[PDB]
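Consider the single chain below, provided in structure tokens and representing the form deposited in one PDB entry.
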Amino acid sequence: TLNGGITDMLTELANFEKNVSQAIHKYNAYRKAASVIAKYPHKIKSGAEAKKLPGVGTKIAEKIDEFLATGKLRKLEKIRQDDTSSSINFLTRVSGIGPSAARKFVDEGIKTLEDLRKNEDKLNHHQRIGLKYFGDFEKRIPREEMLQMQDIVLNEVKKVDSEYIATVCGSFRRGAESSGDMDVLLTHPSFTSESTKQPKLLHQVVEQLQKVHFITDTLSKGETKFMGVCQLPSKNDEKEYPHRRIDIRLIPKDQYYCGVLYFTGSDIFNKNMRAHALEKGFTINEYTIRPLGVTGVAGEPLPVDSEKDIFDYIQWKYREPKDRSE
């Protein structure tokens, strides 16, 4: 990682605009620029060299100049002194508290972790679990645990039916040696884009993962999506593993390829692929890649039998999971 200083600074700036300014376009601008800079294999030596990058414009470039000259931006160091902004930033780091609730709590005089662990009657279920596992959720998962976690889920799924197919995606499918969480894609033949043949098809999986105590908390559940907590088992007098965010996404089997494409990401990569789908005359979601007419008409689902079928439509040579860590 060649320009950690610059990319860090942009991530700070991005977080501030999102959490404190509630300026979601400025946030996505910083996030893009942080991404392209994070991928560029020269060590940036001036703001001018960095303005040659796309998504880096003038205001970023002058920030990049001030930061190599001094190791800092005073904008950020002011943001770091201001008690109210700092407190907001900090509360967003609890899962389920975003910019709106972070500022509400700070206006209510709730600004630190103690205050939360005392006004829980003001937290909803998600925020409650979030603070409960606050330290754990800040920790990364070494890939070796991801593999450990992978065996449990995939084998517990064949127990409910051997026609379930599960594919870990997220940063694990991109090849990271550490992940924020585990993201799991769920396929069954009896749930095409049409027949809801067997209901509770995703509840089946979840409940079985709860029997064997792999899943231990729930942030949200639905026919298509489960956000919860999981924990690896440990040996005698072996200390416990940290509790981990787990996401499970059930998707029609005949739309699998747009499922993995969505779920391996990254999130920025999907924004750039989907924005480029739009320039080429298509729209892409988790389910389909559709044509557009000059009239805002989301056209008719187009046939894909490979991930690369998606790329060819928008005229992209295939990028391997390792290369979409944008």
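Take the two forms, find the largest set of C-alpha atoms that superpose within 1.5 Å, and that set is the rigid core. So that there is no doubt, residue numbering starts at 1 and follows the sequence shown.
Although not depicted, the form deposited in another entry is the subject of the following passage.
With the core superposed, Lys26 shows a C-alpha displacement below 2 Å between this form and the one not shown.
Here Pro233 does not count as shifted, since its C-alpha moves by less than 2 Å between this form and the one not shown after the core is aligned. After superposition on the rigid core, displacement of the C-alpha of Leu73 between this form and the one not shown amounts to 2 Å or more. Relative to this form, in the other entry the C-alpha atoms of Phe269 and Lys26 separate from one another by 3 angstroms or more. The Cα-Cα distance between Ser306 and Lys159 is shortened by 3 Å or more in the other entry relative to the form shown here.
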